[PDB]
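The chain that follows stands alone, in the form deposited in one PDB entry, written as structure tokens.
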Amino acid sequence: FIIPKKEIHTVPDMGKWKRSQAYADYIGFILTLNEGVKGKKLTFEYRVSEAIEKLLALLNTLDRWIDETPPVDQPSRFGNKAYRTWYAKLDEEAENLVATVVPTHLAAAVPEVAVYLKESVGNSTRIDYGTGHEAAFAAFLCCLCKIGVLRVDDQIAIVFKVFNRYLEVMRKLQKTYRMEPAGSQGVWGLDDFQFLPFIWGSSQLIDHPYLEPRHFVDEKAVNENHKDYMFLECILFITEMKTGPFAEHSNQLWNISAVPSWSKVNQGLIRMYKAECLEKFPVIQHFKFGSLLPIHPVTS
């Protein structure tokens, strides 16, 4: 194990990244989880292991720290400085948190794995959050699979239990500390903060008996179904946070609602994720590379 470090500094480094072992493992992981959740509600009776339970407890610790760290009165009208107090706790305690999940015989892996956790919750200096932080959380989970802490039978729970809870905690950070989107915003982005739940969420909805894409801009449909469906939960967050016509506050998603099937939405969002997140220097340039997700060319 080694200290994961940044490797994307120049334009040619984008190709280095796309040819890397890290990229192959990362995109393979996203696609594997995408397939596993296909056609299933969040309440699907999936297996729940000790490691999954410990990851939920880890996220609940993060949540508790938010409650202990209220917003401060401040002059700035953007991010709330209390975020930095919260983040400092995570920075100090990340290895301890990860150690509650990783059994002692794999203790050597804790510092490397914990770097991804420390990169998954936003930026302290800027008080911002974007799809690069979300990617680091997926990378954190990917590392836990690679070292065998999480297994194939945990894959549905990774999305429906752990990632689902992570999104709740991220929404709470974003609202509580008035966090700024880190990257492209408004007309320029799919969503101000997230990406993966629209991929995995659209996979859930493949072959649904009633819901089709145009239904996600129907407030009634979202209200009656969001508890079962990660995609719909994301839309609910948007409509709760933003006012006015959907077409104006979320134009990209508005256009996506016209797609005739969830399978086509899912296929299109995978393409879009590569183009607008993984191949986007300003979004992905802070990705860190160590031993588990290495910058060396993919083995083959």
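When you see a residue number, it is the position in the sequence shown, counting from 1.
What follows is about the form deposited with a partner chain bound, which we do not show.
The partner is not drawn, yet in the deposited bound form one stretch among 43-51, 30-38, 271-279, 57-65 has residues with heavy atoms inside 4.5 Å of its partner chain: 271-279. Remark: residue 188 counts among the residues lining its partner chain in the deposited bound form, judged by a heavy atom distance of 4.5 Å or less. Within 4.5 Å of some heavy atom of its partner chain in the deposited bound form lies at least one heavy atom of residue 265. Contact annotation for residue 256: at least one heavy atom lies within 4.5 Å of its partner chain in the deposited bound form.
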